[PDB]
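Chemist: Quick check, what structure comes out for this input:
(7 chains)
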Amino acid sequence: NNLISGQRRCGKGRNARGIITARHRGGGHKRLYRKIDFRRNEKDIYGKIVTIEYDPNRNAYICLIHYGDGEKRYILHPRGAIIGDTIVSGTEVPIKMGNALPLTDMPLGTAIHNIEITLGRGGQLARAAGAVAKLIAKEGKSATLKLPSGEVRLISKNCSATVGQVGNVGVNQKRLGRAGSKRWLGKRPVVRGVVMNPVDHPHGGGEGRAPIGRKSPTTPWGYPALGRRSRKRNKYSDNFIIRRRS
Amino acid sequence: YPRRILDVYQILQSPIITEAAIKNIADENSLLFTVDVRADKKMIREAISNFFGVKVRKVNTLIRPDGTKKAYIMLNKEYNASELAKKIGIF
Amino acid sequence: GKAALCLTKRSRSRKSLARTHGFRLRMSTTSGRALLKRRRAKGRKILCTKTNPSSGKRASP
RNA sequence: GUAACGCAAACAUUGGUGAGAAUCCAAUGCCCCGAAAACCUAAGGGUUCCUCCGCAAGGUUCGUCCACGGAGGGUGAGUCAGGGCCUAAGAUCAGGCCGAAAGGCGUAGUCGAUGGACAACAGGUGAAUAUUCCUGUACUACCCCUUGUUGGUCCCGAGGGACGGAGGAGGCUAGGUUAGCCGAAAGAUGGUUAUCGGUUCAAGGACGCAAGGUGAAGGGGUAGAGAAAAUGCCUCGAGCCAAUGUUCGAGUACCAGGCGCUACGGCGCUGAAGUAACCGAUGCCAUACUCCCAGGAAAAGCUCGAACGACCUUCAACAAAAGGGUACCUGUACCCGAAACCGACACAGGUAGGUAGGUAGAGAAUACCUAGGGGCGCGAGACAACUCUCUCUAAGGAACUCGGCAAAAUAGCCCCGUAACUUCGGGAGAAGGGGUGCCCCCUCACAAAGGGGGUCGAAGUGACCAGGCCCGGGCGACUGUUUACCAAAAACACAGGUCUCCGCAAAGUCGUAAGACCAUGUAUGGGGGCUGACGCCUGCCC
RNA sequence: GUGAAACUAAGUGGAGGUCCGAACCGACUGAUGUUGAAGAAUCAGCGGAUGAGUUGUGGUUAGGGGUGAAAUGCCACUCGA
RNA sequence: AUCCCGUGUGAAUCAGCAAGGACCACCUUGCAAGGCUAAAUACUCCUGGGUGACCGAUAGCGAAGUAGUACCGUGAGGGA
RNA sequence: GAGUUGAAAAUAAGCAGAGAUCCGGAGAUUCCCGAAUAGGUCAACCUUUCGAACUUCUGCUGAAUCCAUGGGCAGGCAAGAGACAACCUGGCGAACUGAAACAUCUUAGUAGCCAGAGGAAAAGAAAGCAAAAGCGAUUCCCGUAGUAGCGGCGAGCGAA
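Modeler: Numbers count the residues shown, from 1 in each chain, chains lettered A, B, ... in the order given. Let me share the structure:
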């Protein structure tokens, strides 16, 4: 195993300056990092699954592949798959669960994942547990995809995608059950707004118990949370997006 | 390239003359001296052997808290430190 | 009580104190270099207290 | 000339020293500490350590004494600790980007142990050091020489180093106890030897593993860009892995006790027995086993190895063998549960780690003790009020008072017994009762058992130690957190719920910028608002 | 005990922000202390005490700031700057 | 007005260009978009020479003594 | 040109008319730290291969592409770096205060920080003044004058 490397960034709520920009982090448990090939760019080399194991750094499980020529890679476990199953990346290849193939040659309407937005990079979309995309159409240079959010988006057709839904569908059936469970998961407590003083947070102060008194529900930094968009405006990708979410 | 720090020909300041040193001459067959603070064991053994033409089983050194290095220079079973030190005015 | 109170000092290694306030620290920073200017100007005997030798007698290994 | 003289462990006497002694030294009593008030370390102090002298000042009194003043001394290392090796958090950052200047980001590297990697033990000695000096017996790294192979060396591609918590059983030892063996023995009193002591030995070398665990540990060739990892072949006195143990180390010492010193300290000669049984660790096996999920550092040293690319190359590089020969820097004193650090004080305070004896006990609690260390730097009387720290109290038993605040009572173990309600886990040690000392007995296996019988006291967990319990309501579900130095809660958090934003060059956040977090994550994810387990719910108004 | 599940009696097992209780960490009540022995202590009791646990070493965050299970609390006996 | 600047525009060449406190005409003055240059002027950590209706140890420099010392502060710093 | 071997002043041994001690000018040495510079560091130490590190000078080389640039190896007395009371040039640039409050305004382009250099620095040889009369690069004093002016026409500011 040369894929399981202890090379954390450490602290990991703190920026370059050294201030807590991303809030409610720390405590946690020490964890390692499994590199995962989201590219799956070992082309025309026939592969075999061997073990399904726990990634501490994810929702979904990881799958250890042994290739025919004799090298090993970690990937995302698809839903139906088991130990000793078979896969391959390339152009031709069948549409059997867990195989990798560019979006052009794929069927119309198949549950898929690990999709690139830009050719070359790797695999950004549908990576969580139960992640699932459904190719709706195709148009010239583009393929029209429906995402896990419930949004239809034009992406480039030459881009890669791995067939099958992503496994471990039941991780919504946790109850955690106690403060301590979320504490050792990495997260930390979240102090409400209305509780604090006026100097700290917009809702702050107020004698007795405070109603959220200032006409709007506010962030810590003045910008109305609870209804108000924030998708820049005239962003580069704007053209490509077709729909909303749910 | 020999010395950690180059110092001098000189090095050795003087022998210590006291009641402990006289007894250590008889018991251990060993001389006692004050040297450079920047003096090395290797440097001392090359000096004292090459000076008197005598052998040195071992040197052991310390820095008394003012910052002056004092060295015990031990001699082989062959060479006799009592008679050697007699002809350098310690007896 | 069992936790002592309002002793600002403790017994802490001269390593850490020299890496916080020592000569080599002051000498790096431009702002901090002009503190040594003021110290030599006033003519204070000991410039920056809390300096240690890597060598013996006051070594903090 | 008052308050005070820093705990209520505790002193007394005889002698000595000297101008002078409650206070300095010695002896004898007595008492106190003993998971310390003992002995070691890390940090920090910074000469306080030892010797001889002094007592103006300092020491809450005195003082011939001192952590005080003067004078002189004292810290010895290949193996202990660090550095000459390695890297984490973090730091600095060549070129590079960004910024009025100062500078900011950031890769290659380089630093940076609290971690990895590495070689020593006993006995001895001495005013002050000892794993450092001495004696014995060891080990690591280099330079000789006998065999060798033809290249080495670095870069470089691999193996490996290499890692969690919890729990439990087994095998061992360290340590303890008892016996045996040996030596000594009047301790003035009815008896009595039943008494008192000693019975010790490390590192390392050589060598084997059991009803301890397991039943591939460890290899050898081969294909395919392939020397390692990986797809198929075979083979294993079917066995391995270890802590302990047998020996040498160690016919040596070490040694209880005897036989002589001469004045205030140890020191010469001698030298018996040196075993067994049981209890037994939080120590080792064990980076072992099982279980669990929150999924448990890196880098060098080490071992392979084939390349390519460089150097160093035939007075040479790598392997093995006994015997030789060789051996850098710094720390080392002393205090370190404190009169020496940190608290302005010789301050009732704080301060990381190590070693853990006996009797009673479940126990690192407690009580009394051992080894070891101490009697708290004002004393002497007297025995008024009053205050404090305590001990008891006839009759009553909350009548006190803002309030049972405070005090009292309960208490260990074994056996019987245990309600409403319930989220079916609880409530619950519910409540409430009975037995416990000491002696003597039944049993081819019930930690003074269990049971039977006796005997003593007013009282049997007799001391220390060691739950008070119940019924009803508000708030918050719950363990948790909070105003250091007046507020610990009903306040915050919490699992759960809901809304809203965000499709990745993401929203958000921090920055003049570069860019950083988010995330090496990508909608079962990430940011924000409110509510606060769980049950039933959550209406009208745009 | 079942078509098999379900369910239920005994063993085994060692979970738990489980219980009682030293060290450890805290700070609820009282008494004492108030030109204190102490610029927050002593004493007698108290809560947690395998976890959201305690703590040594070495680091990080900086005042139009930081940090904050949120009191305007803490940031060297200083904090509405 | 004159002088200098970000943004955008954008001339002319001595029948020229600019100034003469918007602006135009006529006069007068000068030659912008390249550089260099002593003096008179400013000051005292300091050296030499002189002077004082200046101080004389609570004054005069903080500092007449081995003072930025002793001491305090984590530190900048304060300070006999 | 006569006694000396620093201050406090004591001893011990020396050096001195063949001219010391001293005074002046010029040279030589100058451990370690510090711009610090062989590399590291917790200033005054540790490791070395014993080295001015880094940049522009100057000799050769030879990247991704011909040339070229980056880069590597050499020689180099080798120019630069840091320090410095005030004065000065340039960059950034306050607030208290005054206006009896306060925002224009004033405090002020002052204090502060940052960078730079000299004995001064900056300025400076007319695309300038001025008025039909003339002057001839700067800079500083007297003056014009608290005048012309500007100004919530307020406080104030104030030329040539």
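
Chemist: tell me which parts of chain C are close to RNA strand E?
Modeler: Proximity of chain C to RNA strand E (CB under 7 Å from any atom of the strand) is limited to residues C:1-3, C:5-6, C:8-10, C:12-13, C:15-16, C:19. No exception for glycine: its C-beta is placed from N, CA and C like everyone else's.

Chemist: how about residue A:71, what does it touch?
Modeler: residue A:42 (CB atoms under 8 Å, 6 or more residues apart in numbering or on different chains).

Chemist: Intersect the residues of chain C next to RNA strand E with the contacts of RNA strand F.
Modeler: C:8-9.

Chemist: which one of the residues of chain C next to RNA strand E is nearest residue B:53?
Modeler: Lowest distance from residue B:53 to these (CB to CB) belongs to residue C:15, with 46.8 Å.

Chemist: Which parts of the helix ranked longest in chain C count as buried, going by neighbours?
Modeler: Ranked by residue count and defined by DSSP state H, the top helix of chain C is helix C:30-42. Buried residues in helix C:30-42, counting neighbours by 16 or more other CB atoms under 10 Å in any protein chain shown, are absent.

Chemist: what does that helix contact?
Modeler: C:25-27, C:47-48.

Chemist: mind redoing it with 6 Å?
Modeler: C:26, C:47 (CB atoms under 6 Å, 6 or more residues apart in numbering or on different chains).

Chemist: For the residues of chain C next to RNA strand E, give me a markdown table that also has secondary structure and distance to RNA strand G.
Modeler: Shown next, in a markdown table, are the residues of chain C next to RNA strand E (DSSP: H, G, I helix; E, B strand; the rest coil; distance: CB to the nearest atom of the strand, whole Å):
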| residue | secondary structure | distance to RNA strand G |
| --- | --- | --- |
| C:1 | coil | 35 |
| C:2 | coil | 33 |
| C:3 | coil | 30 |
| C:5 | coil | 30 |
| C:6 | coil | 29 |
| C:8 | coil | 22 |
| C:9 | coil | 19 |
| C:10 | coil | 18 |
| C:12 | coil | 13 |
| C:13 | coil | 9 |
| C:15 | helix | 5 |
| C:16 | helix | 9 |
| C:19 | helix | 5 |
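
Chemist: which of the residues of chain C next to RNA strand E sit farthest apart?
Modeler: Within those, C:1 and C:19 form the most distant pair, 32.1 Å apart (CB to CB).

Chemist: what ranges do the helices span in chain B?
Modeler: According to DSSP H, chain B carries its helices in the segments B:19-28, B:41-52, B:81-86.

Chemist: Those: which one's closest to residue A:118?
Modeler: Using CB to CB, the helices of chain B put helix B:41-52 closest to residue A:118, at 66.2 Å.

Chemist: right, is the closest one up against RNA strand G?
Modeler: No - Helix B:41-52 is not in contact with RNA strand G by CB under 7 Å from any atom of the strand; minimum separation 11.3 Å.

Chemist: how about that helix: buried residues?
Modeler: By neighbour count on 16+ other CB under 10 Å, the buried set for helix B:41-52 is B:43-45, B:47-48.

Chemist: on that earlier part again, starting at the chain centroid, how far to the longest helix of chain C?
Modeler: Mean-position distance between helix C:30-42 and its chain equals 15 Å (CA atoms, centre = their mean, to the nearest Å).

Chemist: so does that helix get close to RNA strand F?
Modeler: Yes - counting by CB under 7 Å from any atom of the strand, RNA strand F has neighbours in helix C:30-42: C:35, C:38-39, C:42.

Chemist: now, which of those residues sits nearest residue A:89?
Modeler: residue C:35 (62.5 Å).

Chemist: quick one on the thing from earlier: any chance of the buried residues of helix B:41-52 in JSON lines with distance to RNA strand E as columns?
Modeler: Output for these, formatted as JSON lines (distance: CB to the nearest atom of the strand, whole Å):
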{"residue": "B:43", "distance to RNA strand E": "34"}
{"residue": "B:44", "distance to RNA strand E": "34"}
{"residue": "B:45", "distance to RNA strand E": "37"}
{"residue": "B:47", "distance to RNA strand E": "39"}
{"residue": "B:48", "distance to RNA strand E": "40"}
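
Chemist: Near RNA strand D, list only the ones from those.
Modeler: Under the cut-off given by CB under 7 Å from any atom of the strand, RNA strand D has residue B:45 from the buried residues of helix B:41-52 close to it.

Chemist: what two of the buried residues of helix B:41-52 have the greatest distance between them?
Modeler: B:43 and B:48 (9.7 Å).

Chemist: Next, name the residue at the spatial heart of chain B.
Modeler: Nearest to the geometric centre of chain B sits residue B:73, at 4.0 Å (CA atoms, centre = their mean).

Chemist: show me what contacts that one?
Modeler: Residues near residue B:73 by CB under 6 Å, 6+ apart: B:31, B:48, B:59.

Chemist: Report the spatially closest residue to the second one, excluding sequence-adjacent ones.
Modeler: Leaving aside its chain neighbours, residue B:48 sits nearest to residue B:73 (5.6 Å; criterion: CB to CB, 6 or more residues apart in numbering or on different chains).

Chemist: tell me the domain ranges of chain A?
Modeler: A:1-88, A:89-246 (curated CATH domains).

Chemist: And those domains: which comes nearest residue B:14?
Modeler: Closest to residue B:14 of these is domain A:1-88 (CB to CB; 57.4 Å).

Chemist: Check the separation of the first and last residues in that closest one.
Modeler: Its first and final residues considered, domain A:1-88 spans 21 Å by CA to CA, to the nearest Å.

Chemist: got it, and stretch A:97-111?
Modeler: 9 Å.

Chemist: For that stretch, list every residue counted as buried.
Modeler: A:97-103, A:106, A:111.
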